[PDB]
Amino acid sequence: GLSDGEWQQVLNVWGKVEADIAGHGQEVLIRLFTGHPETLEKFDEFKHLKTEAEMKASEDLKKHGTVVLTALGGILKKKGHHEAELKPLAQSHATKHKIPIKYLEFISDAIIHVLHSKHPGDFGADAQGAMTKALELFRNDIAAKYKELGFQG
Ligand code: HEM
């Protein structure tokens, strides 16, 4: 779905996330939860949080941010040859967690936001381009597996 040049850019950018996977992970989830409060309800571990401050002071949330970005990073490093790593992820988000693909769209957007926020001026037009496409590829492959399961919504 991407050229090596574009994969090259995705992994360059990923290097920025890797310098602080917890702070990036936390800011992604807070952006998600504050822009779409209904997503919070999918987590029994975090639905207690009400304010952004409480979210900001939650170490467990930072922990989960790490788990998420660790797993994404692992997929991205496969440069599209991620069937093995993605399948389990699509299966648990569809039948156990009951996560609509729109929420994956939401988090995808939330990653681009955060990158711009944390790195104003050094998250280029080409880098946005490649990152967006990889996130889309990720989303599409998930959508394929959702379809097979009839996870309709
Ligand atoms: C970048 C996209 C995502 C990645 C890489 C990711 C990754 C993970 C991983 C690795 C786990 C734990 C293992 C498992 O249960 O599969 C997990 C758990 C979970 N995810 Fe995601 N996830 C993503 C998006 C989302 C979104 C958008 C939602 C909801 C809005 C969500 C809701 C959950 C929930 C409810 C759990 C169970 C948490 C627990 O009780 O510990 N995920 N996710």
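- Going by the annotation in the PDB entry, the name recorded for the chain is Myoglobin, with Equus caballus given as the source organism.
- Under the UniProt heading Subunit, the note attached to the chain is "Monomeric."
- The annotation that UniProt attaches to the chain under Subcellular location is "Cytoplasm, Sarcoplasm".

Focus on the overall build of the chain
- From N to C terminus, the chain includes seven helices and zero strands.
- The N-to-C order of helical and strand elements in the chain reads α-α-α-α-α-α-α.
- Here the chain has a C-alpha radius of gyration of 15 Å; the compact-globule value for 153 residues is 15 Å, and the two agree.
- Across its three principal directions, the C-alpha atoms of the chain cover 45 × 40 × 20 Å.
- Intrachain contacts of the chain at a sequence separation of at least 6 include 75% that bridge at least 24 residues.
- Counting every atom, the chain has about 8200 Å² of accessible surface; 53% of that belongs to carbon and sulfur.
- When the 20 positive and 22 negative side-chain charges of the chain are each reduced to one mean point, those points stand 4 Å apart.

Some points on the packing of helix α1 (residues 4–18) against helix α7 (residues 125–149)
- Across the interface, α1 lies against α7 with an axial gap of 8 Å and an inter-helix angle of 95°. Here α1 is positioned roughly perpendicular relative to α7, judged by the angle of their axes. Contacts between α1 and α7 involve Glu-6, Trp-7, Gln-9, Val-10 and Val-13 from the former and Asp-126, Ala-127, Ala-130, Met-131, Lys-133, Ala-134 and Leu-137 from the latter.
- Here the residues of the contact of α1 with α7 are counted per class, giving eight nonpolar, one polar and three charged.

Let's talk about the UniProt feature "binding site: nitrite" in the chain
- Within this structure's numbering, the places UniProt gives as "binding site: nitrite" are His-64.
- By the secondary structure assignment, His-64 is in helix α4 (residues 59–76).
- On the accessibility criterion, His-64 (24% relative accessible area) is partly exposed.
- In contact with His-64, not counting residues within four places along its chain, are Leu-29, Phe-43 and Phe-46.

Section: the site of the ligand
- Contacts to the ligand come from 15 residues, most closely from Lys-42, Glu-45, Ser-92, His-93 and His-97.
- Contact distances for the ligand include 2.7 Å between an oxygen atom and a side-chain N or O atom of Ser-92.
- When residues of the shell around the ligand are traced back to their parent elements, those giving at least two are α4, α5 (83–96) and α6 (101–118).
- Looking at the shell around the ligand, the element that brings in the most residues is α4, giving four residues.
- Taken together, the residues that form the shell around the ligand break down as eight nonpolar, five polar and two charged.

As for the pattern of salt bridges
- Summed over all chains, the structure comprises seven salt bridges.
- As a salt-bridge pair, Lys-133 and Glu-6 come within 3.1 Å of each other at their nearest N and O atoms. Note that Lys-133 is positioned in helix α7 and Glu-6 in helix α1, a separation of 127 residues in sequence.
- For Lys-133, a relative accessible area of 28% corresponds to the partly exposed category.
- One salt bridge connects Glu-27 with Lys-118, and the closest N-O pair in it is separated by 2.5 Å.

About the criteria used
Residues numbered from 1 in each chain as written, not as in the entry; some residues may be left out. Heavy atoms only, no water. UniProt positions renumbered as here; feature names shortened; annotations may be inferred. Helix = DSSP H or I, 4+ residues; strand = E, 2+ residues; numbered from the N terminus. Rg over C-alpha atoms; globule rule 2.2 N^0.38 Å. Contact = heavy atoms within 4.5 Å. Areas by Shrake-Rupley, 256 points an atom, 1.4 Å probe, with all protein chains shown as cover. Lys, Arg positive; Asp, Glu negative; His and termini not counted. Charge placed at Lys NZ, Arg CZ, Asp CG, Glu CD. Axes fitted to C-alpha atoms, helices over the stretch in contact; angles between N-to-C directions. Parallel < 35°, antiparallel > 145°, perpendicular 65-115°, else oblique. Nonpolar A, V, L, I, M, F, W, Y, C, P; charged D, E, K, R; others polar. Buried < 20%, exposed > 50% of the residue type's maximum accessible area, 1.4 Å probe, protein only. Near = heavy atom within 4 Å. Polar contact = N/O pair within 3.5 Å; in protein donor to acceptor, adjacent residues only side chain to side chain. Salt bridge = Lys/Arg side-chain N within 4 Å of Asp/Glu carboxyl O.

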